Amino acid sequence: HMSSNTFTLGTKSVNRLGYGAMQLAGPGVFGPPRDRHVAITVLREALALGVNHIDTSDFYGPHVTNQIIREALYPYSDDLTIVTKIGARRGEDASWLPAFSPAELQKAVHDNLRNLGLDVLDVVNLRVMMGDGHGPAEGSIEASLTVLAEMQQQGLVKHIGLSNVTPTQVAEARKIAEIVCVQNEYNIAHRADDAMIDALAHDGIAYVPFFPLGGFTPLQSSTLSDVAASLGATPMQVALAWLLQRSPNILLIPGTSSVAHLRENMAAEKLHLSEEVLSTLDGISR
């Protein structure tokens, strides 16, 4: 707890252990979850445990994830931040398609508002999808961001963020609109964004890693598992605790369909990583 367990996202304080809602839909993040009852329970328990940052999207399931959040939690407390993301849509074959035309982005914001039961969205991330590969890639985002900026000026969107972006795209974006967070691939074994994380921190912009555990080689995984065992913890817990201490602007949004996993994830706050452990951990990427 050298770093605070809270950070200011836009204009609201959030607990840096938050909840990502992507698991509350069927396989491929498509259709209903296996059990809507359990989904509702997880969301309510998350709030009970102090979660006040939920990450979602209307193209999760399409629509159904937001509607579950609404059934479970509406009316929302003033302390809750719901972050959503636009820029993609789902094919009938559960595919993930670009959706960056002004009509599509407007529809997306419109859908989020209806399905969450809101009049204004706290934070909308623009999910950028340049190139044929999956990660960040260069290319102007001015056109989409201009559209989002209009909806902000119209009062539909309070704050704008970015997802899946290069450091250059962030710089470009910040000329058009204020950016309150960047949501990118990042974990203990994938640390390309390290310099940007620090730069963003200095400017007071949040960084939201996704995939806390994953794309790990057997040796990477074995090392994390060794550390976890030495601490009486779970690998997920170590990965989360490591992200917490990495930088004070980092917000965590682990997703789960399981109440037990949720409790375990929130318990990662209790984990103190010694400088010895950190040396082992800071060396996993290399």
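So that there is no doubt, residue numbering starts at 1 and follows the sequence shown.
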> If you average the CA temperature factors over each stretch, which comes out higher, 45-53 or 22-30?
Replying inline: 22-30
>> Please compare 213-221 with 245-253 and name the stretch with the higher mean C-alpha B-factor in the deposited structure.
In response: 213-221
> Between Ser144, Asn115, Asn184, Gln169, where does the Cα B-factor run highest in the record?
Replying inline: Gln169
>> If I read the C-alpha B-factors straight from the PDB entry, which of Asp111, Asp194, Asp122, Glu178 is highest?
In response: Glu178
> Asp79: which third of its chain by C-alpha temperature factor?
Replying inline: highest
> In terms of the chain's CA B-factor thirds, is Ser163 lowest, middle or highest?
Replying inline: lowest
> Of the three thirds of its chain by CA temperature factor, lowest, middle or highest, which one includes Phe100?
Replying inline: middle
>> Using the temperature factors of the C-alpha atoms in this entry, rank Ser140 within its chain: lowest, middle or highest third.
In response: highest
> Relative to the other modelled residues in the chain, which third contains the C-alpha temperature factor of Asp132: lowest, middle or highest?
Replying inline: highest
